[PDB]
Each structure stands twice: as structure tokens, then as C-alpha cells.
Amino acid sequence: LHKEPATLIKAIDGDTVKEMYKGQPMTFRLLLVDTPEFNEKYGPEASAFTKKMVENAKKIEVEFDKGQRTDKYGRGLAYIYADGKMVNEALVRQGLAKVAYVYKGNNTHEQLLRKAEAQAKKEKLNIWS
Ligand SMILES: Cc1cn([C@H]2C[C@H](OP(=O)(O)O)[C@@H](COP(=O)(O)O)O2)c(=O)[nH]c1=O
Ligand SMILES: [Ca+2]
């Protein structure tokens with residue numbers, strides 16, 4: 001895989017972010033994770049985590065996997081990086097997302113994220129508390 005540029009348009013919630021990619025606005029859904037909805041427990045906190053992460057970053061990047069790049073709702077599916085740090089993984093490491101939606105096409109970083117989840121679980125972090 002490789003990183004490609006994008007600029008933040010707007011944080012949306014824990015695992016969705018509006019970004020400009022190849023000069024077009026689009027909503028990205030983070031691969032391999034599931035944050036709770038804003039209305040659920042840790043939802044506000046997930047949204048807050050992702051927001052600060054992408055808003056503070058001098059450089060946002062987008063990384064498509066090998067399978068499909070758009071989901072059935074037209075959302076981009078990618079690993080998103082903030083100054084080189086992966087938002088998907090960072091959420092999971094903090095117990096603010098579960099590893100989820102692991103489809104055979106698009107799972108390059110599954111084991112990395114599962115390793116993070118294990119550590120979050122060990123620490124009884126947030127969702128795991
Ligand atoms: C993360 C991800 C979600 N989706 C779809 C499956 C789920 O469909 P349904 O909406 O029919 O449940 C939905 C989960 O997104 P949210 O967790 O953002 O709701 O998005 C994919 O198709 N591919 C993916 O990689
Ligand atoms: Ca969600």
C-alpha cells in the first residue's frame with residue numbers, strides 16, 4: 001500500500017471524516033474499525049479523539065487497501081494517517097474502537113490493529129473497562 005495526500009474538510013465522528021482527496025470532497029470510513037455512534041457510550045469520546053487527531057495534524061494522508069475503495073454508501077474506505085500516525089490503530093489502541101468489518105479484500109493491517117486491541121483490552125481501556 002501507499003500513502004496519498006488529502007486535506008481535512010471536517011471531522012464527523014469516531015470513524016468517519018470528510019476529507020478532500022484528489023481535489024474532490026468525500027467522506028472516509030476508517031477500515032477495520034468500529035467506533036460507537038455519538039449517541040452511544042464512548043461515542044462522544046471517540047468522536048473527540050479522532051477530531052483532535054485530524055485537526056492537529058499538519059499532514060493528513062489516505063491509504064487505500066487492495067480491495068474496494070468505496071462502500072455501498074459512497075464512503076471512501078481507507079487507513080487514515082495524521083502526521084504519519086494511523087488514526088485507525090490509535091483509536092483501537094485507546095479502546096475507543098473495536099476491530100470490526102474485516103472483509104477478505106481489505107485487511108492488510110488487521111493483525112497490527114488486533115495487536116493494538118489486545119493491549120487496550122489488557123489495560124481495560126475505555127470500551128474495555
Ligand atoms: C468499515 C466498512 C463498513 N461497511 C459498511 C458495512 C455496514 O453496512 P450496514 O450499514 O448495512 O450495516 C456499514 C457499517 O458502517 P457504520 O459502522 O459507519 O455504520 O458500512 C463496508 O461495507 N465496508 C467496510 O469496510
Ligand atoms: Ca460506527
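No hydrogens, no waters, no symmetry mates; every other heavy atom, side chains included, goes into these values. The first residue in the sequence is number 1, and the count goes up from there.
For the pair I12 and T27, the tightest heavy-atom approach, listed with the atom from each and the gap, is CD1-CG2, 3.9 Å. Considering every non-hydrogen atom in both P36 and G43, the closest pair reads CG-N, 3.5 Å. Shortest non-hydrogen contact noted between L8 and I60 is N-CG1, 4.4 Å. In plain terms, the two heavy atoms of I9 and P25 that are nearest each other are CD1-CB, 3.6 Å. What you find for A97 and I127 is that their closest heavy atoms are N-CD1, 4.0 Å.
Using a cut-off of 4.0 Å between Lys/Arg side-chain N and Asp/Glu carboxylate O, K115 and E117 are scored as not salt-bridged. Taking a cutoff of 4.0 Å between a charged side-chain nitrogen and a carboxylate oxygen, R29 and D34 qualify as a salt bridge.
Atom OH of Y81 and atom NZ of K59 lie 11.5 Å apart (nearest 0.5 Å). To the nearest 0.5 angstrom, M26 atom CE is 5.5 Å from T70 atom OG1. The CD atom of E63 lies 9.0 Å from the CD atom of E61; values are rounded to the nearest 0.5 Å. Taken to the nearest 0.5 Å, the CG atom of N106 stands 7.5 Å off from the CG atom of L32. Once rounded to the nearest 0.5 Å, the distance linking CG of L30 with OH of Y101 reads 13.5 Å.
Taking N126 as the reference, nothing meets the side-chain hydrogen bond (donor to acceptor under 3.5 Å, both in side chains) condition, with sequence neighbours excluded. Residues meeting the side-chain contact (heavy atoms from CB on, under 4.5 Å) test with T108, sequence neighbours left out: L1, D65, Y79. For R114, the salt bridge (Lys or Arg N to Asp or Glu O under 4.0 Å) partners are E110, not counting sequence neighbours. Applying the salt bridge (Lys or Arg N to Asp or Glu O under 4.0 Å) rule to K3 yields no partners; only residues at least two apart in sequence or on another chain are considered.
With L31 as the fixed residue, the side-chain contact (heavy atoms from CB on, under 4.5 Å) test singles out one of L77, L113, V102: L77.
Applying the side-chain hydrogen bond (donor to acceptor under 3.5 Å, both in side chains) test to pairs two or more places apart or on separate chains, those with a residue in residues 88-98 are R93-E123. Sorted by first then second residue, the side-chain hydrogen bond (donor to acceptor under 3.5 Å, both in side chains) pairs that include residues 35-55, not counting sequence neighbours, are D15-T35, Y42-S129.
Clustering ILVMFWY residues whenever any of their side-chain heavy atoms sit less than 4.5 angstrom apart, transitively, puts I80 in the very cluster that holds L112.
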Full working for side chain to side chain contact (heavy atoms under 4.5 Å, CB included) between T16 and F28: CA-CA 5 Å; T16 55; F28 283 93; over 6 Å; no
Full working for side chain to side chain contact (heavy atoms under 4.5 Å, CB included) between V62 and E19: CA-CA 9 Å; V62 146; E19 301 188 4; 3.4 Å; yes
Working for side chain to side chain contact (heavy atoms under 4.5 Å, CB included), residues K85 and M53: CA-CA 9 Å; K85 271 165 196 42; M53 200 159 173; 3.8 Å; yes
